[PDB]
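Participant: Here's a structure for you.
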Amino acid sequence: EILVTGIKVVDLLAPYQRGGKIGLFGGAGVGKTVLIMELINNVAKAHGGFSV
Amino acid sequence: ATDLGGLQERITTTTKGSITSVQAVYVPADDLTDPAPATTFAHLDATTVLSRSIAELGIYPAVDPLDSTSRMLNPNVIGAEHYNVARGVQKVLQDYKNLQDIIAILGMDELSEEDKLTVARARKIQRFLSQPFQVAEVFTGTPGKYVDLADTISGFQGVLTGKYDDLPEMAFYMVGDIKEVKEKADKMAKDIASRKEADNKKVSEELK
Amino acid sequence: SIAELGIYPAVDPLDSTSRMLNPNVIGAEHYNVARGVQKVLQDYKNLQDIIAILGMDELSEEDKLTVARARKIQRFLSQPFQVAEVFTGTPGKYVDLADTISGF
Amino acid sequence: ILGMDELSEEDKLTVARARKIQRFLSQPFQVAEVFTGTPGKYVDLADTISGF
Amino acid sequence: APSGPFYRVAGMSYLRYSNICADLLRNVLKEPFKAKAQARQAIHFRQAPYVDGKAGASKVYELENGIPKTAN
Amino acid sequence: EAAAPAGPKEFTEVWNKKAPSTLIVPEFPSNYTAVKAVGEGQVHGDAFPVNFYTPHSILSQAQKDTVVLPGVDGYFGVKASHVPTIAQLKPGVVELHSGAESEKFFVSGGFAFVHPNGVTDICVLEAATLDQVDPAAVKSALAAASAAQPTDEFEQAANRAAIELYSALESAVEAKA
Amino acid sequence: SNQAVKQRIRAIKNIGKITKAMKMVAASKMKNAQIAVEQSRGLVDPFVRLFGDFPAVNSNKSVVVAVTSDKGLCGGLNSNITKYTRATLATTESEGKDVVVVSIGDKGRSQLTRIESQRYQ
Amino acid sequence: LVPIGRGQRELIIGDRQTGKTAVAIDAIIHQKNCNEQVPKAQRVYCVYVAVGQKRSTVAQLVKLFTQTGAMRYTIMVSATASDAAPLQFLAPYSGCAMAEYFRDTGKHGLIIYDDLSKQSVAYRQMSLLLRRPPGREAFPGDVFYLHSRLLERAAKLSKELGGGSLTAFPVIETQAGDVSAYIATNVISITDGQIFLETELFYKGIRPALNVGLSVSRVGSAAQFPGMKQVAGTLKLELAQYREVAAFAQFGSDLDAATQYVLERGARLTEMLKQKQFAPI
Amino acid sequence: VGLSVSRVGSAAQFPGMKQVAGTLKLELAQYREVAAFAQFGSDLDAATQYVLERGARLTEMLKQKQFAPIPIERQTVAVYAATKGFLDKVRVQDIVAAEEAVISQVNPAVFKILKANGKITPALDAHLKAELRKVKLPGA
Amino acid sequence: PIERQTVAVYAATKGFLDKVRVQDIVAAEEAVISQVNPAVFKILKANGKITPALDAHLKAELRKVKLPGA
Ligand SMILES: Nc1ncnc2c1ncn2[C@@H]1O[C@H](COP(=O)(O)OP(=O)(O)OP(=O)(O)O)[C@@H](O)[C@H]1O
Ligand SMILES: Nc1ncnc2c1ncn2[C@@H]1O[C@H](COP(=O)(O)OP(=O)(O)O)[C@@H](O)[C@H]1O
Ligand SMILES: [Mg+2]
Ligand SMILES: [Mg+2]
């Protein structure tokens, strides 16, 4: 089942699976921590369970 | 491969519970063929490859749309028209990628009209894949945008058919959805139309 | 590269070498046909810098003729094989040496 | 590709001064005066700043 | 049918007439100058009627001695 | 009678209503003309401007005192404030005068316009100056042109045009100095 | 891979030497074609002072000519006037007149039937 | 274009996520559609060897092969990424030995070694720890003999030995299309054919992303369906011309109508060879 | 030629060849600049095409057949026949035969006094232009 | 100092240094920093911020600046 993220490039071209493994590749200041904070902001607050 | 694999195989959804894992994977010296990124690719259901060449264009999130894959991009899983908009966007971006060298040395003025239609459409969907994040408001100032899934399918369905060939490219840059490219174009057109005589200062002669 | 043109056997004409290509050994009439074909094919490789981006209209029939001489030469180096009858439906051809000098 | 008299009247002394500097950077050497005859000249720093 | 000068009543336009008078003048110059004005006498182009939108016929032209003196 | 006032600057305001505004208004050949026809001036007493023009060359744009033009009615001469005239020219000799010296070009045939402001505009195709004609080949073509008898009207119209160019060319190479 | 850039280097090294040759042949063509433009510019203006210049007239039949180049490596010239060709064929057309479209140069027919297909003749 | 005979070894080589597994899964699913229409001596029993994948991916395939019905003909040998490196090194041979039961008893097998690149990574790990000295890309010296003694077990046997066959589909993953790498050049040397899938063709909509120029089948049209063989030659030739007319197709203003005849004749064929996945024809 | 060096060869050669090889080093250098330029033979300047024509006259003069080394006084005059005039009329295809014509036709007692003196003396320079004019070049 | 920097960037973004040529702005904002009253540097250093009483007053003190060339 899909995981809506609120990010246009993610939900369109490579949508995340609710219960699946997601990887964010990139190196040295491309933004894979800003992207992971946005998934914390968007996905986790509307998730219901616990985060680690 | 077994150190990584013995770790990654514990992060799964079982029948008793679920783990939705998001893990950042650093690439050393921006190399994806390095063995520590290349081994991690197999263990993931969805991959989101962020590029430096895309980020230096100012497109944020710097997602390579021709390197980011998911097993959910399947017409039996996400639906028929979501899948066709997604594959349609990737075909415009791949065709523009094939034109990059001849545009670089010959210029825009030498392509076909069929080619320079897709150059202008792929330059539009390149900017429209960018988005202001709510966590980037502290250093950018632009407010973030949670775009709904229906808003990005029909927003990207309009660009592929040609409903917005007349809009400028920069109206697509850093907006939420397809309503906001129409508001940003109206704002963009107005700012080169709004002009005032003697600027209404009233700054001198301010009493007490 | 020769096999992506479909030319079989995909012998590179400007990379295959023999010690037998001395004119003291095979005679000067064979030697000048062999050296002339290598000359006309190296010229066409030198002209694909232009005629593979522009399109054979800037050559003023001077070395337009050496392209269509060398392009016929590239196909004429191709040959059906007796053992490639079972791959491709065309019979095998054995060419005599006196006939391949004259034909080239 | 175009010519000597093609360019500006202000760019003709920019050719003339620069060709005049390229000769003035040349110098006869005191070690080479045995096989070139003409004596060599040590130019002081104060002369070559003011001379240029 | 048409009324006009001797070229116009014969089915010849003014441009065809006045180039013939320029064609016949260039022939009777000196060979230092006739070979110069031989350059401006050559006509090399092509034309093709386009009837449907991209289909045509192509009327390739060719002449180094000047305007065709014959009726076209 | 004058119901549609068109023009170069009048094309501008209609084109600013049906074309995209990012294109500037296109040029017109009238914008590249410094001399008109109706505006008063450019006579200067005796010396009026005459412009000798061929397609491949410009022969003169100076001021002259008179020009002698070979019209189809005969060689006429233009003084300074001549009557405005559109004169078709035969094969003949144009004589631009300014004083003691005179330059005499034999032209192939083509119009000459004297304008209401004194501007004369010779507009020929081929202007062969009289020093460079070959007087041995004038007769070699005129013999065949007098003997070629076609029944189709096209070549005869080229044959009548052939002899009259040549006949005025021998007649303008004999009695000169 | 490490030869894939070695072959890409020598390719672009020759493009930058080919298009340096095409630039200098275009500069030698431009200098001796400039000496013929001014000698042709003279005969144009006795007609536009005898006949004026009336571009926006109420014609019922027209022939519009967009004269372009033959070769198409000139860089935004032949498409610039087909932008202007449709800018005039929308300016004159206010009365339902006839138009025949003619192009000079191979880059004109290849870009006029892209905008105007039926009145091209 | 790349026809495959019973008994040959056809490499599926490509980059990541270009259709390598999908081509092989379509080969297994199709045998289920052909096993019900042939007699018992004509049936193909597939073996899928999953080396170094996830258990999520293998459980997706077993769910797929049960929904289709291919599980009654399929063995799944699964040494996943959590397994020990000697188990991933041995699972291609374990799967082939199970698939060699059908070759040796007169039936037909189809072994698919998915990620044979990941077996050699497990074999390199097992060999650097045994202190055997490394070679190119730290691989052992016998990583060719690792793969040639595996792949040469796919044979079409003679009629004295039952006449059975084993068809191997080894899958090798490249990095940025670099097939000059050590394990890719080894298995290209061993196998008969190669189905080269390409990631720029994958994003032009051409799916399966088959590079028709680089794809070869050594067996060739000796083991092609006739009728398909009658129509493939004009398909092979027109796509051969459609590829050289490309890198001239950027100028649709420049019509020629002889080269533009084949520039859209081949593009009928390129659009013909596209196919949705998990539906073999 | 652009990559082959001899860092002793600046005045360490035959003085007769050094008269003409210094110019051939310049004419082949300007031709090396414009060779890959003017691959076409359509649209050429009146100055760069002469470098493109002289440089192809010198390239064909330098090539030679295997196992036939030439004396230095006989390859001096074949470069002198190409560095000077005397060969600007054979196309490119005759210069292999045109230098063989020069070795055949020129009076072989200039070879005895070019090799003995070691350089092209002005007396021999006068006879060398005259002997290179009565040759029958196979441009025909 | 940071106050003599933010006045100089105020002088160039608010148009006060427009029509000054690009080859004397090193002299022109040296003139801006030297000719403007020192008290707007001390008010801005202490408030840390261009208050509405100050950007009104600093716009005044930048109008009365002898820029080179004019
Ligand atoms: N013919 C096709 N049409 C549409 N989608 C396809 C096609 N073939 C493959 N795909 C899709 O491509 C994606 C990549 O999976 P694929 O089958 O490429 O595995 P793979 O190349 O082994 O991947 P990996 O990189 O995990 O090794 C899948 O989502 C699959 O659904
Ligand atoms: N979505 C975004 N919008 C704007 N800037 C961004 C975004 N993502 C990344 N950046 C820029 O990239 C920089 C590095 O991002 P970061 O998340 O630190 O990447 P990494 O963790 O890969 O080093 C950030 O400081 C930010 O300036
Ligand atoms: Mg980080
Ligand atoms: Mg796989």
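In the structure tokens, chains take the letters A, B, ... in the order shown, each chain's residues start at 1, and ligands count up from 1 in the order shown.
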Can I get the residues close to ligand 1 as a list in words, where close means within 7 Å and we count only C-alpha atoms and all ligand atoms?
Facilitator: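 Listed by chain and ascending number, the contacts are residues 42, 70, 71, 72, 73 and 74 of chain B; 15, 16, 17, 18, 19, 20, 21, 22, 23, 173, 207, 208, 274, 275, 276 and 277 of chain H.
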Participant: Within 9 Å of ligand 3, which residues show up when you count only C-alpha atoms and all ligand atoms? List them as a list in words, please.
Facilitator: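 Taking only C-alpha atoms and all ligand atoms into account, the residues around ligand 3 at most 9 Å away are residues 27, 28, 29, 30, 31, 32, 33, 34 and 36 of chain A; 24 and 26 of chain B.
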Participant: DSSP on the backbone, strand (DSSP E or B) only: what residues of range 33-107 of chain G does that give? Format it as a list in words.
Facilitator: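 Of range 33-107 of chain G, the ones in strand (DSSP E or B) are residues 61, 62, 63, 64, 65, 66, 67, 98, 99, 100, 101, 102, 103 and 104 of chain G.
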Participant: Generate the output file for the selected residues, N, CA, C and O atoms, as an mmCIF file, in the first residue's frame.
Facilitator:
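Final output, saved to selection.cif:
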data_model
loop_
_atom_site.group_PDB
_atom_site.id
_atom_site.type_symbol
_atom_site.label_atom_id
_atom_site.label_comp_id
_atom_site.auth_asym_id
_atom_site.auth_seq_id
_atom_site.Cartn_x
_atom_site.Cartn_y
_atom_site.Cartn_z
ATOM 1 N N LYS G 61 -6.141 39.559 -52.565
ATOM 2 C CA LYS G 61 -5.245 38.448 -52.822
ATOM 3 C C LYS G 61 -3.830 38.919 -52.550
ATOM 4 O O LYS G 61 -3.480 40.058 -52.869
ATOM 5 N N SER G 62 -3.031 38.060 -51.935
ATOM 6 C CA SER G 62 -1.665 38.406 -51.597
ATOM 7 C C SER G 62 -0.768 37.219 -51.898
ATOM 8 O O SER G 62 -1.230 36.082 -52.011
ATOM 9 N N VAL G 63 0.513 37.505 -52.076
ATOM 10 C CA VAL G 63 1.558 36.498 -52.055
ATOM 11 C C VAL G 63 2.544 36.945 -50.997
ATOM 12 O O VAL G 63 3.226 37.960 -51.173
ATOM 13 N N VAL G 64 2.606 36.227 -49.900
ATOM 14 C CA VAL G 64 3.607 36.519 -48.886
ATOM 15 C C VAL G 64 4.820 35.635 -49.141
ATOM 16 O O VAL G 64 4.699 34.452 -49.486
ATOM 17 N N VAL G 65 6.000 36.238 -49.074
ATOM 18 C CA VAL G 65 7.246 35.525 -49.297
ATOM 19 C C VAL G 65 8.098 35.680 -48.054
ATOM 20 O O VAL G 65 8.397 36.803 -47.640
ATOM 21 N N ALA G 66 8.463 34.565 -47.451
ATOM 22 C CA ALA G 66 9.433 34.539 -46.369
ATOM 23 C C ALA G 66 10.684 33.897 -46.943
ATOM 24 O O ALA G 66 10.707 32.695 -47.208
ATOM 25 N N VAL G 67 11.710 34.701 -47.170
ATOM 26 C CA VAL G 67 12.960 34.203 -47.720
ATOM 27 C C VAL G 67 13.921 33.870 -46.583
ATOM 28 O O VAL G 67 14.275 34.728 -45.770
ATOM 29 N N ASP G 98 -7.375 36.460 -49.798
ATOM 30 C CA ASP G 98 -6.639 35.285 -50.236
ATOM 31 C C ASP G 98 -5.161 35.500 -49.957
ATOM 32 O O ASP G 98 -4.674 36.632 -49.996
ATOM 33 N N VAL G 99 -4.457 34.411 -49.647
ATOM 34 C CA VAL G 99 -3.024 34.441 -49.363
ATOM 35 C C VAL G 99 -2.403 33.207 -50.002
ATOM 36 O O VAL G 99 -2.917 32.098 -49.837
ATOM 37 N N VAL G 100 -1.335 33.396 -50.766
ATOM 38 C CA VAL G 100 -0.477 32.312 -51.224
ATOM 39 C C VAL G 100 0.866 32.485 -50.531
ATOM 40 O O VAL G 100 1.420 33.587 -50.521
ATOM 41 N N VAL G 101 1.370 31.424 -49.907
ATOM 42 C CA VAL G 101 2.604 31.503 -49.136
ATOM 43 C C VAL G 101 3.731 30.866 -49.939
ATOM 44 O O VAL G 101 3.600 29.741 -50.432
ATOM 45 N N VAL G 102 4.830 31.598 -50.081
ATOM 46 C CA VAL G 102 6.009 31.172 -50.819
ATOM 47 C C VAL G 102 7.203 31.297 -49.885
ATOM 48 O O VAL G 102 7.296 32.260 -49.120
ATOM 49 N N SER G 103 8.089 30.310 -49.903
ATOM 50 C CA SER G 103 9.307 30.369 -49.116
ATOM 51 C C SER G 103 10.506 30.202 -50.026
ATOM 52 O O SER G 103 10.502 29.362 -50.928
ATOM 53 N N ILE G 104 11.542 30.980 -49.763
ATOM 54 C CA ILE G 104 12.827 30.822 -50.421
ATOM 55 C C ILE G 104 13.796 30.244 -49.404
ATOM 56 O O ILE G 104 13.936 30.773 -48.296
#
Participant: Could you list, as a ChimeraX atom specification, all residues that come within 12 Å of ligand 4? Count only C-alpha atoms and all ligand atoms.
Facilitator: /B:41-45,71 /H:12-25,48-54,57-58,60-61,112-118,170-174
Participant: Using only C-alpha atoms and all ligand atoms, find each protein or nucleic acid residue lying at most 10 Å from ligand 2; present the set as a PDB file with N, CA and C atoms, in the first residue's frame.
Facilitator:
ATOM      1  N   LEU A  24      17.506   6.729   0.664  1.00  0.00           N
ATOM      2  CA  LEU A  24      17.715   8.066   0.110  1.00  0.00           C
ATOM      3  C   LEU A  24      19.194   8.224  -0.185  1.00  0.00           C
ATOM      4  N   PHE A  25      19.562   8.170  -1.446  1.00  0.00           N
ATOM      5  CA  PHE A  25      20.957   8.153  -1.832  1.00  0.00           C
ATOM      6  C   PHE A  25      21.411   9.546  -2.206  1.00  0.00           C
ATOM      7  N   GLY A  26      22.648   9.855  -1.892  1.00  0.00           N
ATOM      8  CA  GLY A  26      23.245  11.107  -2.299  1.00  0.00           C
ATOM      9  C   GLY A  26      24.454  11.398  -1.454  1.00  0.00           C
ATOM     10  N   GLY A  27      25.302  12.284  -1.945  1.00  0.00           N
ATOM     11  CA  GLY A  27      26.517  12.507  -1.206  1.00  0.00           C
ATOM     12  C   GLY A  27      26.929  13.935  -0.957  1.00  0.00           C
ATOM     13  N   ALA A  28      27.238  14.242   0.304  1.00  0.00           N
ATOM     14  CA  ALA A  28      27.954  15.439   0.746  1.00  0.00           C
ATOM     15  C   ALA A  28      27.203  16.721   0.388  1.00  0.00           C
ATOM     16  N   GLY A  29      26.063  16.890   1.031  1.00  0.00           N
ATOM     17  CA  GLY A  29      25.353  18.136   0.928  1.00  0.00           C
ATOM     18  C   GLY A  29      24.401  18.228  -0.226  1.00  0.00           C
ATOM     19  N   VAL A  30      23.766  17.128  -0.607  1.00  0.00           N
ATOM     20  CA  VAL A  30      22.716  17.191  -1.609  1.00  0.00           C
ATOM     21  C   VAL A  30      21.344  17.312  -0.969  1.00  0.00           C
ATOM     22  N   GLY A  31      21.201  16.937   0.287  1.00  0.00           N
ATOM     23  CA  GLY A  31      19.957  17.159   0.971  1.00  0.00           C
ATOM     24  C   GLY A  31      19.242  15.925   1.444  1.00  0.00           C
ATOM     25  N   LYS A  32      19.964  14.884   1.806  1.00  0.00           N
ATOM     26  CA  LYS A  32      19.305  13.676   2.260  1.00  0.00           C
ATOM     27  C   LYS A  32      19.011  13.685   3.743  1.00  0.00           C
ATOM     28  N   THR A  33      19.404  14.725   4.464  1.00  0.00           N
ATOM     29  CA  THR A  33      18.948  14.958   5.824  1.00  0.00           C
ATOM     30  C   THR A  33      17.778  15.919   5.866  1.00  0.00           C
ATOM     31  N   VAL A  34      17.750  16.904   4.971  1.00  0.00           N
ATOM     32  CA  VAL A  34      16.580  17.759   4.837  1.00  0.00           C
ATOM     33  C   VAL A  34      15.408  16.960   4.300  1.00  0.00           C
ATOM     34  N   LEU A  35      15.672  16.021   3.397  1.00  0.00           N
ATOM     35  CA  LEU A  35      14.612  15.153   2.915  1.00  0.00           C
ATOM     36  C   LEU A  35      14.144  14.198   3.995  1.00  0.00           C
ATOM     37  N   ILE A  36      15.043  13.733   4.855  1.00  0.00           N
ATOM     38  CA  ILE A  36      14.595  12.801   5.875  1.00  0.00           C
ATOM     39  C   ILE A  36      13.888  13.526   7.005  1.00  0.00           C
ATOM     40  N   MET A  37      14.160  14.818   7.214  1.00  0.00           N
ATOM     41  CA  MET A  37      13.400  15.588   8.188  1.00  0.00           C
ATOM     42  C   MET A  37      12.004  15.867   7.687  1.00  0.00           C
ATOM     43  N   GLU A  38      11.847  15.980   6.377  1.00  0.00           N
ATOM     44  CA  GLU A  38      10.537  16.236   5.810  1.00  0.00           C
ATOM     45  C   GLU A  38       9.667  14.999   5.870  1.00  0.00           C
TER      46      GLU A  38
ATOM     47  N   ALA B  24      18.938   7.085   4.993  1.00  0.00           N
ATOM     48  CA  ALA B  24      19.808   7.815   4.100  1.00  0.00           C
ATOM     49  C   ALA B  24      21.046   6.987   3.818  1.00  0.00           C
ATOM     50  N   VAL B  25      21.537   7.045   2.589  1.00  0.00           N
ATOM     51  CA  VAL B  25      22.707   6.280   2.177  1.00  0.00           C
ATOM     52  C   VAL B  25      23.673   7.240   1.509  1.00  0.00           C
ATOM     53  N   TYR B  26      24.784   7.528   2.167  1.00  0.00           N
ATOM     54  CA  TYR B  26      25.794   8.407   1.606  1.00  0.00           C
ATOM     55  C   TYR B  26      26.547   7.712   0.484  1.00  0.00           C
ATOM     56  N   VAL B  27      26.793   8.425  -0.602  1.00  0.00           N
ATOM     57  CA  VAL B  27      27.634   7.925  -1.684  1.00  0.00           C
ATOM     58  C   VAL B  27      29.000   8.599  -1.596  1.00  0.00           C
ATOM     59  N   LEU B  50      19.488  11.227  -4.913  1.00  0.00           N
ATOM     60  CA  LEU B  50      19.624  12.674  -4.958  1.00  0.00           C
ATOM     61  C   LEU B  50      20.919  13.036  -5.659  1.00  0.00           C
ATOM     62  N   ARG B  52      23.814  15.859  -7.322  1.00  0.00           N
ATOM     63  CA  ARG B  52      24.435  17.156  -7.119  1.00  0.00           C
ATOM     64  C   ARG B  52      24.236  18.052  -8.325  1.00  0.00           C
ATOM     65  N   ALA B  55      20.910  19.610  -7.892  1.00  0.00           N
ATOM     66  CA  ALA B  55      20.848  20.594  -6.819  1.00  0.00           C
ATOM     67  C   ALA B  55      21.511  21.899  -7.208  1.00  0.00           C
ATOM     68  N   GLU B  56      22.534  21.843  -8.054  1.00  0.00           N
ATOM     69  CA  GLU B  56      23.196  23.062  -8.490  1.00  0.00           C
ATOM     70  C   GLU B  56      22.351  23.863  -9.466  1.00  0.00           C
ATOM     71  N   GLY B  58      19.356  24.405  -8.538  1.00  0.00           N
ATOM     72  CA  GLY B  58      18.395  24.958  -7.622  1.00  0.00           C
ATOM     73  C   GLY B  58      17.148  24.138  -7.437  1.00  0.00           C
ATOM     74  N   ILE B  59      17.043  22.992  -8.091  1.00  0.00           N
ATOM     75  CA  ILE B  59      15.880  22.132  -7.936  1.00  0.00           C
ATOM     76  C   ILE B  59      15.994  21.393  -6.613  1.00  0.00           C
ATOM     77  N   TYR B  60      15.057  21.640  -5.707  1.00  0.00           N
ATOM     78  CA  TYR B  60      15.072  20.984  -4.418  1.00  0.00           C
ATOM     79  C   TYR B  60      13.695  20.398  -4.133  1.00  0.00           C
ATOM     80  N   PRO B  61      13.590  19.130  -3.708  1.00  0.00           N
ATOM     81  CA  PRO B  61      14.573  18.082  -3.432  1.00  0.00           C
ATOM     82  C   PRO B  61      15.285  17.614  -4.668  1.00  0.00           C
ATOM     83  N   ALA B  62      16.579  17.358  -4.553  1.00  0.00           N
ATOM     84  CA  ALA B  62      17.393  17.156  -5.736  1.00  0.00           C
ATOM     85  C   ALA B  62      17.295  15.741  -6.265  1.00  0.00           C
ATOM     86  N   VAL B  63      16.085  15.237  -6.425  1.00  0.00           N
ATOM     87  CA  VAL B  63      15.858  13.842  -6.744  1.00  0.00           C
ATOM     88  C   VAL B  63      16.120  13.636  -8.220  1.00  0.00           C
ATOM     89  N   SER B 130      10.294  20.213  -8.214  1.00  0.00           N
ATOM     90  CA  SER B 130      10.796  20.866  -7.018  1.00  0.00           C
ATOM     91  C   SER B 130       9.651  21.395  -6.161  1.00  0.00           C
ATOM     92  N   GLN B 131       9.949  21.646  -4.890  1.00  0.00           N
ATOM     93  CA  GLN B 131       8.905  21.895  -3.914  1.00  0.00           C
ATOM     94  C   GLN B 131       9.512  22.523  -2.679  1.00  0.00           C
ATOM     95  N   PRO B 132       8.884  23.537  -2.091  1.00  0.00           N
ATOM     96  CA  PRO B 132       9.349  24.043  -0.801  1.00  0.00           C
ATOM     97  C   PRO B 132       8.962  23.104   0.325  1.00  0.00           C
ATOM     98  N   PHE B 133       9.934  22.769   1.157  1.00  0.00           N
ATOM     99  CA  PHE B 133       9.710  21.899   2.297  1.00  0.00           C
ATOM    100  C   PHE B 133       9.380  22.731   3.523  1.00  0.00           C
ATOM    101  N   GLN B 134       8.612  22.144   4.434  1.00  0.00           N
ATOM    102  CA  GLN B 134       8.246  22.856   5.646  1.00  0.00           C
ATOM    103  C   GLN B 134       9.392  22.931   6.634  1.00  0.00           C
ATOM    104  N   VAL B 135      10.403  22.085   6.474  1.00  0.00           N
ATOM    105  CA  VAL B 135      11.578  22.114   7.327  1.00  0.00           C
ATOM    106  C   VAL B 135      12.683  22.977   6.751  1.00  0.00           C
ATOM    107  N   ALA B 136      12.522  23.468   5.530  1.00  0.00           N
ATOM    108  CA  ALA B 136      13.471  24.370   4.913  1.00  0.00           C
ATOM    109  C   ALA B 136      13.070  25.827   5.038  1.00  0.00           C
ATOM    110  N   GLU B 137      11.925  26.124   5.661  1.00  0.00           N
ATOM    111  CA  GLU B 137      11.453  27.491   5.859  1.00  0.00           C
ATOM    112  C   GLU B 137      12.391  28.330   6.705  1.00  0.00           C
ATOM    113  N   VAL B 138      13.214  27.700   7.541  1.00  0.00           N
ATOM    114  CA  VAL B 138      14.098  28.433   8.431  1.00  0.00           C
ATOM    115  C   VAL B 138      15.276  29.061   7.690  1.00  0.00           C
ATOM    116  N   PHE B 139      15.681  28.532   6.539  1.00  0.00           N
ATOM    117  CA  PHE B 139      16.795  29.121   5.815  1.00  0.00           C
ATOM    118  C   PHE B 139      16.442  29.535   4.395  1.00  0.00           C
ATOM    119  N   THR B 140      15.200  29.352   3.974  1.00  0.00           N
ATOM    120  CA  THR B 140      14.762  29.760   2.654  1.00  0.00           C
ATOM    121  C   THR B 140      13.695  30.839   2.701  1.00  0.00           C
ATOM    122  N   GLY B 141      12.802  30.803   3.682  1.00  0.00           N
ATOM    123  CA  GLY B 141      11.771  31.789   3.828  1.00  0.00           C
ATOM    124  C   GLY B 141      10.475  31.417   3.152  1.00  0.00           C
ATOM    125  N   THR B 142      10.546  30.662   2.085  1.00  0.00           N
ATOM    126  CA  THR B 142       9.381  30.163   1.378  1.00  0.00           C
ATOM    127  C   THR B 142       8.652  29.140   2.241  1.00  0.00           C
ATOM    128  N   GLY B 144       6.412  25.907   3.320  1.00  0.00           N
ATOM    129  CA  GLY B 144       6.359  24.571   2.784  1.00  0.00           C
ATOM    130  C   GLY B 144       4.998  24.199   2.244  1.00  0.00           C
ATOM    131  N   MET B 174       9.399  25.892  -7.318  1.00  0.00           N
ATOM    132  CA  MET B 174       9.133  26.013  -5.877  1.00  0.00           C
ATOM    133  C   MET B 174       7.689  26.394  -5.572  1.00  0.00           C
TER     134      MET B 174
END
Participant: At a cut-off of 9 Å, using only C-alpha atoms, what residues contact residue 152 in chain H? Leave out same-chain residues fewer than 5 positions from it and give the result as an MDAnalysis selection string.
Facilitator: chainID H and resid 9 147 190:191
Participant: Just write the chosen residues, N, CA and C atoms, as a CSV table (one decimal), in the first residue's frame.
Facilitator:
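What follows is the written file part_12.csv:
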chain,number,residue,atom,x,y,z
H,9,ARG,N,22.6,-21.2,-22.9
H,9,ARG,CA,22.8,-20.4,-21.8
H,9,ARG,C,22.7,-18.9,-22.2
H,147,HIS,N,32.2,-19.9,-12.4
H,147,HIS,CA,31.0,-19.6,-13.3
H,147,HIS,C,31.0,-20.5,-14.5
H,190,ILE,N,31.3,-16.9,-21.3
H,190,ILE,CA,30.8,-18.3,-21.1
H,190,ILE,C,29.5,-18.5,-21.9
H,191,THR,N,28.5,-17.7,-21.7
H,191,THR,CA,27.2,-17.9,-22.2
H,191,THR,C,27.2,-17.8,-23.7
